[PDB]
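Single-letter residue listing:
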Amino acid sequence: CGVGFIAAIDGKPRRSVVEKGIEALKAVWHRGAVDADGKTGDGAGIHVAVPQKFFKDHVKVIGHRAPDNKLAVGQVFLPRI
Amino acid sequence: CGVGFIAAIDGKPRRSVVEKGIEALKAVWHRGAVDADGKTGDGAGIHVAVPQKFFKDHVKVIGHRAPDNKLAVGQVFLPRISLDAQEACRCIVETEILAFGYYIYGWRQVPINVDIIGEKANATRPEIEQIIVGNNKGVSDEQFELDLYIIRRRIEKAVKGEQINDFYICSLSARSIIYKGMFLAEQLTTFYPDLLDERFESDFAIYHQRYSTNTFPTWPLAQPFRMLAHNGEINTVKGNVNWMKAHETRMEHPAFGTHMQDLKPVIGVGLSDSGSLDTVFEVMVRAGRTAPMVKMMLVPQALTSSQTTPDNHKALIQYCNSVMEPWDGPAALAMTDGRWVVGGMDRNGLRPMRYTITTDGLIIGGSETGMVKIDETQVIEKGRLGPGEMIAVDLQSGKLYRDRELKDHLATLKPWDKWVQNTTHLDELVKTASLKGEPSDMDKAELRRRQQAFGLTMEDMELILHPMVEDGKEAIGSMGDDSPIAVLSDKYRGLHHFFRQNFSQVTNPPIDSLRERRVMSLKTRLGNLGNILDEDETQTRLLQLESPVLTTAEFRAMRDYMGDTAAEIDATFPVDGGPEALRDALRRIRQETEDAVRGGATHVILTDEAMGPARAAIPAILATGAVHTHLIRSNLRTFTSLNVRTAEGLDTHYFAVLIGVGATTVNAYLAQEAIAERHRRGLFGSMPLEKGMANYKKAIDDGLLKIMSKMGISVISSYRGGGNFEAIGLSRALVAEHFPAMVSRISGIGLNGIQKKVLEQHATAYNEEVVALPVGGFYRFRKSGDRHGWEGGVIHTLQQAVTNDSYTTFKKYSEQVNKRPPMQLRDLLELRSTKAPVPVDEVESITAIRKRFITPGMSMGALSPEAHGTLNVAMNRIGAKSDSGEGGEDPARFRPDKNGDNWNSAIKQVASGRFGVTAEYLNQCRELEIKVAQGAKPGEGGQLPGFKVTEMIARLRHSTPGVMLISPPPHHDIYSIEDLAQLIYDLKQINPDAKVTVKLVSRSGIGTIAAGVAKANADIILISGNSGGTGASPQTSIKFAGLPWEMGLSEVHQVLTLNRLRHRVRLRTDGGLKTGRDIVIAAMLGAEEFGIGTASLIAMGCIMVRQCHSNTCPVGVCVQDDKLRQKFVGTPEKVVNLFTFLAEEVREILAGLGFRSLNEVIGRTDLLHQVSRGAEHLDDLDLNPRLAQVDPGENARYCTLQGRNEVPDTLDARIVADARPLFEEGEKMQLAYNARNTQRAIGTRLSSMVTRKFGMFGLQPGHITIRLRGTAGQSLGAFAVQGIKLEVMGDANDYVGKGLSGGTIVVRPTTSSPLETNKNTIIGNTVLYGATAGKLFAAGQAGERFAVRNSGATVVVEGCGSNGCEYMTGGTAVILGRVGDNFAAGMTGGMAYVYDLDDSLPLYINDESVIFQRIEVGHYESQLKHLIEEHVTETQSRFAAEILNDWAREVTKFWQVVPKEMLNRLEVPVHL
Ligand SMILES: Cc1cc2nc3c(=O)[nH]c(=O)nc-3n(C[C@H](O)[C@H](O)[C@H](O)COP(=O)(O)O)c2cc1C
Ligand code: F3S
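Residues numbered from 1 in each chain as written, not as in the entry; some residues may be left out. Chains lettered and ligands numbered in written order. Part of a larger assembly, values for the part shown. Heavy atoms only, no water.

- Method of determination, as given in the entry header: cryo-EM; reported resolution: 3.5 Å.

- As named in the PDB entry, chain B is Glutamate synthase [NADPH] large chain, taken from Azospirillum brasilense.
- Per UniProt, chain B has the following entry under Catalytic activity: "2 L-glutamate + NADP(+) = L-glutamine + 2-oxoglutarate + NADPH + H(+)".
- Quoted verbatim from the Sequence similarities field of the UniProt record, the comment on chain B reads "Belongs to the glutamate synthase family." (UniProt positions renumbered as here; feature names shortened; annotations may be inferred.)

- Per the PDB entry, chain A carries the name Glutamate synthase [NADPH] large chain and comes from Azospirillum brasilense.

So this is what it looks like as structure tokens:
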């Protein structure tokens, strides 16, 4: 178990932010619940800023025209059965 | 699968009832689906009476005082994971029960045993408990039950309000209890040991087991429900739910009271068809009616216009049909009110139900007639249940009512005769309306400008409109649809092209509208809706129409009858409205209609006659959909009607969609105007305008009936407003906002695209000077019309590449065919991998890929014998498999020629007509095939013109030369999934080496059907598309039926991989495959084998003439005459080179991607992307639904098993182990055994052994004889050959003598039975289905559809049922008893003799294609005499012996039925 955050003071979006976030997540296993099957966790999550360039390049590859303002994305969990 | 009931006639409880119920459940395991686990089931249930002494002793043990009145017990399913939701549920139940004043005695945990349930069904097992509630207020029993029902409903609502999952109430009543679960049928008394008690005694019991189509068990979905038990499926649930939502807003009864407000949403969410039907049944029963009356009102009889029914029953049926919409579909029901116990059937009678009366006052009914053992010296009468029949038991009075007595007892409560007279008709009003007020026909210029505004070309009036008025039947096409889809088109396609129709796969049978037409009604009622819980005369005072479509005069007359109570609404929007004019117009009209219906108006007419050069017309479909949905959501549709005036209706598919959307009547005036304008120019000849209009209306009605019958709906009232279509190319939001219940897997255009299209067409039509209608290309290729898949240059270069044998021009062909703009859904996909390319020489060889291509089946009636033989030789040369299609095949081609070329076929088909199936035809193949529906005409049987059946095809199909042959749409063998499993078992028993293939048609929901068929031990699935070829079929079924094969392929693959079943079956596709790119894409979607079809026809000489139905094809591919067959130039080398180049190309593609085998690509959907057509079309097609990638887990993505799926062995195994001298020395054998209903297909493997050893006619009759004592199973003696003689003592279940091929079957009661042989049923339904030779002598009455599709068999029975001797072709049938309605329907050959003593044949026979007369020739007397003598000798009957005794006076009681086409072909004429 554990909570943490990383912030750039000036306001640079940069890769080292996500680098250090993932590195921090990779160093918490000692507090978590040690389990037998080795695969079932108890819940984990990360929260970051939306990479406009990624989704804009994706939409371009689809064939649309990338807008100028900020694009929005939503993540959904739908039924599976 | 199976439902049944047991009842004590006098009504005294006894343990034997529950004991026999358990015993009956213990003997149904053979119909269900076995599993490798051995513990996993799909649902079982029993329903009995409350053992008052048991719970009273329980209460005594606890320490309380035993009450006097009857106690109440409720059974509940609570959640099991959390321990807090249980407390909330208990608190809710206790605060709701104590709110009425009853006293709670306590809870009880039911003792169970979880050791026998499987692993998957144990993950969702709820916590089962019981609550004991007593009655202290001294209130009567009926008020007690009413209060319990109200309490249960309010509990359900309150628990729903808090969003608690896994909560159910199996039953809450002081009369009955229900034990149901997700275990095996035989393990019921082990899971619930309570039933093993000596104190559970009752006077009635119901038992049920089901057959699920998936592998996800939900405990609250097991049957029986509260006060119902259903077997089958209901076809009309999407329409009945909406009409329930409309009937809810006016129903109320003084019995409930204020609590009525707590009962409004009668049908909740998360129920099956039977669940909703049960809820409606219960809410209607609790209001005062009885079980027989509710059964009559929900699933009524077929109101036949015959004199075989008294008029009281007719008034009753009229009332019940007028008050409520029927719930059609295959349904065998066993329901039970608190007092009555009823068992009944549906309208058509598709499922079987047989009962038995014992001397102990015990009635036992079920699906099979041998489930409960009963000494034959203790029965009184055996019977059956026909269509619409019912049998009831009154427990309070202790009486038993059969059909007629119950009808006469029910027709005495209310005087319906004086009530039905309140109705009025329209024909009388049209007659009294004198011919005045004829309005002037519009101008020719006006007519042309109005027709151009909708895009009507001239071929739409020269090709598809001329036949309707000239003859009365639609046109006929002879090739598949190779035109682009509506959204991908660039011309003006009407909105009605986006909607594809529906049909019924193995889950439901289609209905034959040509022969079984007596059960189809097109009545319409205006002013019909009302309170469904009242009894008065105001419920039958209304206006009645005989058809939904109307002419101009009838519409005007109806308008004058309506008067000032009707309100007309414009349906036009300004051309100068702007970018959002259509949405504003829709809102305007949907508000005006709501404001008008509130102001007293009872009739809404949606007109658009104001269309001019300044106002564009709203597409009628959109308008009526919006209005109907807005009236439904506003609780107003129950008050008014909805009449539509359109200026587009020309075809039969328009009115179908308009009625399915919700319109009541539809008026098309532009069509009549164009008809009059074409008649006044002298084009129809000497026929008046009135006769042309009558023929046009008749054609429209027949087309509507045909479109309605592809699904199984027989009444228009339940089909209206159900949304029985699928939208392709329309946005999800639009169809979810405007249309009741339709699915659109891929989004499409919104309202802006539609507005652009309509404005463009309106401007083109009204802003320019039009001189004539364009030629237009939609059914034939034109340079100005639409584009086609098969153009001229493409066929030319393909024939060149195939003939000259050079790969370069084949590459040019592929380039030219994949350079065109997008036309199909597989054009928007883009192949993109991530690896490094590899050389082309190292991928798998061509033979290893050519061995994966198959040619589909093409009947010998459609194709010419030369082309079929050429294909069969060409496909057997490289190692691939061919297909013979329906219509049989030449037996002489069963051997290789001297040249080494084998004309045989590797895949034989089993169609619905069974035109050439025998015991030798099914032993000459490596893989069988079950054709459920064809890719071109889904939900219909193949056609063949009357001149295409030459003498060769006549002797090959065992048919009459020069008669049109139309196979029945259903199979009469596949009425449900367990029937399909039985048929697969039979096919796997008759051929011990072959595999069984099921062919399906792409549509929505095919995933569940494919998951269900995989459990039926099939191993090859074939998903066809909507663009497949055909021989002869209507144009509407070609253009407006089916879906692209991508949907079906992707959906079936995903569903199979989701249920851990993909590793058991193979997948195969066809339809529109031309190149190697399509093959790579299809293999990437999940297929493993591929079909080509029409391309091979082009490699042999086809030039896309589309005139195969006319027998005048120029090249000589699909012909039957000689002088054009001589022009044939086909060559097998052409097909070989085509397949070779096709494999070369896919090798090139695989090399370019980076893989080395097709096995590395199957299922890898992640290698596909969607590319847009640009930023100028603005079509929002989203293909992610077909790009979803489910992960298999451990198992592979394809079939990883060798050989077919094996099946258990029946009795025949022992026979093969005993009759060894028969095969080793060839001597006579006489065997005796005991038969049971758990042993299917007795005498089938032995038939295969005999056929392989000696042949079909190699042995003298009676060489090996077998004697069975006891009720035999299903499909007794199927596909028996000459030399085998089975003799049953007892009775047979069903499908007896199916596909007989020379054997001999004899069924008779046991020697010590006290039964009149000619008054009891002894065999089931579908006897001698598709037989070709043999004999059969029964000593009882047959079931329904007796002697269907007979070709050469001889049968003598002492009775028959409904629809008997249907579509017979040859043989002789003697019937010593009564027959049912519609006898001898569609008979085109043979002869029949009926022994009529009540002089009632002229009322039951179907005098359309046959003639019935008296015997007048001694030659035809000797035949009957010898047949009856042989019957007496074989079965030792006493009735037939009596008839043979008094022959002189009994010869004068026989009617002879002879077909009409066989009056001048017999050798001895029937006349003098
Ligand atoms: C001339 C012709 C006759 C056909 N006859 C039958 C038939 O008798 N039974 C059947 O199930 N399908 C029949 N079909 C349909 C094919 O089995 C297959 O579904 C179709 O040819 C696939 O279309 P495609 O060539 O465009 O891939 C026939 C097709 C054609 C063109
Ligand atoms: S389209 Fe048909 S009619 Fe002959 S030329 Fe081709 S097979």
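## Overview of the UniProt feature "binding site: [3Fe-4S] cluster" in chain B
Residues and elements named next belong to chain B.
Item 1. Mapped onto this numbering, the UniProt entry annotates "binding site: [3Fe-4S] cluster" at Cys1102, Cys1108 and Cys1113.
Item 2. Position of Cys1108 relative to the elements: it lies in the loop between α35 (1094–1100) and α36 (1132–1153).
Item 3. Residue classification places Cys1108 among the buried residues on the basis of a relative accessible area of 10%.
Item 4. When residues no more than four places from it in sequence are discounted, the contact partners of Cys1108 are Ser478, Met479, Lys948, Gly1031 and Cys1118.
Item 5. Within the secondary structure, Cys1113 is located in the loop between α35 and α36.
Item 6. Assessed through its relative accessible area of 10%, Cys1113 is described here as buried.
Item 7. With near-sequence residues (within four places) excluded, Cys1113 lies in contact with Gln1107, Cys1118, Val1119 and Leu1124. (Helix = DSSP H or I, 4+ residues; strand = E, 2+ residues; numbered from the N terminus. Buried < 20%, exposed > 50% of the residue type's maximum accessible area, 1.4 Å probe, protein only. Contact = heavy atoms within 4.5 Å.)

## Regarding the site of ligand 1
Residues and elements named next belong to chain B.
Item 1. Surrounding ligand 1, one finds 20 residues, the nearest of these being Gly857, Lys931, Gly1071, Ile1092 and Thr1094.
Item 2. Here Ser859 contributes a backbone N or O atom positioned 3.4 Å from an oxygen atom of ligand 1.
Item 3. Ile1092 places a main-chain nitrogen or oxygen 2.9 Å from an oxygen atom of ligand 1.
Item 4. Protein burial of ligand 1: of its 620 Å² of free accessible surface, 97% is covered by the chains.
Item 5. For the shell around ligand 1, a count of residues per class yields four nonpolar, twelve polar and four charged. (Near = heavy atom within 4 Å. Polar contact = N/O pair within 3.5 Å; in protein donor to acceptor, adjacent residues only side chain to side chain. Areas by Shrake-Rupley, 256 points an atom, 1.4 Å probe, with all protein chains shown as cover. Nonpolar A, V, L, I, M, F, W, Y, C, P; charged D, E, K, R; others polar.)

## Some details on the domain arrangement of chain B
Residues and elements named next belong to chain B.
Item 1. Domain boundaries assigned for chain B yield domain 1 (1–422), domain 2 (423–780), domain 3 (781–1203) and domain 4 (1204–1472).
Item 2. Averaged C-alpha coordinates put domain 1 and domain 2 at centres separated by 42 Å.
Item 3. The interface of domain 1 with domain 2 comprises 35 residues on the first partner and 39 residues on the second.
Item 4. Summed over both partners, the interface of domain 1 with domain 2 comes to about 3,800 Å²; 52% of that surface belongs to carbon and sulfur atoms.
Item 5. Considering only the surface of domain 1 that becomes buried against domain 2, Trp243, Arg250 and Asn422 emerge as the three largest contributors, covering 18% of it.
Item 6. At the junction of domain 1 with domain 2, the criterion picks out two salt bridges.
Item 7. A salt bridge links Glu535 to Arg289; its shortest N-O distance comes to 2.3 Å.
Item 8. In this assembly, domain 1 and domain 2 are joined by 16 residue pairs in polar contact.
Item 9. Of all elements in the fold, only α6 (238–247), α9 (311–323) and α11 (416–420) reach the threshold of two or more residues within the side of domain 1 that touches domain 2.
Item 10. For the side of domain 1 that touches domain 2, the per-class residue count stands at 14 nonpolar, twelve polar and nine charged. (Domains from an automatic or database assignment. Buried area = accessible area lost by both parts, 1.4 Å probe. Salt bridge = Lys/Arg side-chain N within 4 Å of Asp/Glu carboxyl O.)

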